[PDB]
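Undergrad: got a sequence here, can you model it:
(one chain, ligands or ions: 1)
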Amino acid sequence: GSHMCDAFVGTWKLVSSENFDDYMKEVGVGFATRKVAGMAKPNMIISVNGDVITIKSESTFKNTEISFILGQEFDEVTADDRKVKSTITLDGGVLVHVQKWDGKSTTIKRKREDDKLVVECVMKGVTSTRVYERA
Ligand SMILES: O=C(N[C@H]1C[C@H](Oc2ccccc2)CC[C@H]1C(=O)O)c1cccc(Cl)c1
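TA: Numbering: from 1, shown residues only. What follows is the structure:
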């Protein structure tokens, strides 16, 4: 039983980052965490089992893992240790991840573009783009 979200499945390694420090400032991440998180070169491991999608990240900074069903809110601990309420949906082929905490919101979009997985993170008007390639 294939699904469209199978284009995301696999092991991905970070190959470029743009404006991540500024995005983290807008989110409210402190200096020391920004510096060490910004240095990280995570791998992201995406898998699907039935209706459950898992996204795991492994890095020298932190390892994180989320499992979820599309459209069903869950509580998430982020790499920077926010406790957030998250919902992830598929909108036209893009995984759209909204995180809410403390009256604030940020959106992380994940899309396949050529052989890359492109992650766009937006907090108010600030966008960071993080590009992954297959490991
Ligand atoms: O989950 C991680 N990355 C994702 C979600 C991040 O959210 C953050 C917001 C503020 C501070 C840090 C992260 C935004 C960037 C995303 C990406 O895919 O690159 C991740 C996991 C382990 C280590 C590290 Cl450095 C990042």
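Undergrad: give the contact list for the closest residue to residue 83 other than its chain neighbours.
TA: Closest residue in space to residue 83, ignoring its immediate chain neighbours: residue 77 at 6.1 Å, by C-beta to C-beta, 6 or more residues apart in numbering. Yep, even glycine has a C-beta here, placed from its N, CA and C like the rest. Residues in contact with residue 77 (C-beta atoms under 8 Å, 6 or more residues apart in numbering) are 64, 83-84.
Undergrad: one more: residue 69?
TA: Counted by C-beta under 8 Å, 6+ apart, residue 69 has contacts 51-53.
Undergrad: quickly find the element holding the residue nearest to the spatial centre of the chain.
TA: Centre of the chain computed as the mean C-alpha position; nearest residue by C-alpha atoms, centre = their mean is residue 108, 5.9 Å away. In this structure, residue 108 sits in strand 104-113 according to DSSP states H and E.
Undergrad: could you point out which element follows that strand?
TA: Next element after strand 104-113 (DSSP H and E): strand 116-123.
Undergrad: contacting residues around the next helix or strand after that following strand?
TA: Note on strand 116-123: by DSSP H and E, the next helix or strand toward the C-terminus is strand 126-134. Contact with strand 126-134 is made by 10-20, 22-26, 44, 115-122, as judged by C-beta under 8 Å, 6+ apart.
Undergrad: swap in 6 Å and give it another go.
TA: Contact with strand 126-134 is made by 10, 12, 14-20, 22-23, 26, 116-121, as judged by C-beta atoms under 6 Å, 6 or more residues apart in numbering.
Undergrad: could you do stretch 12-30 as well?
TA: 34, 38, 41-44, 80, 117, 121, 123-124, 126, 128-133, 135.
Undergrad: which ones are touching residue 51?
TA: Neighbours of residue 51 in contact, by C-beta under 6 Å, 6+ apart: residue 69.
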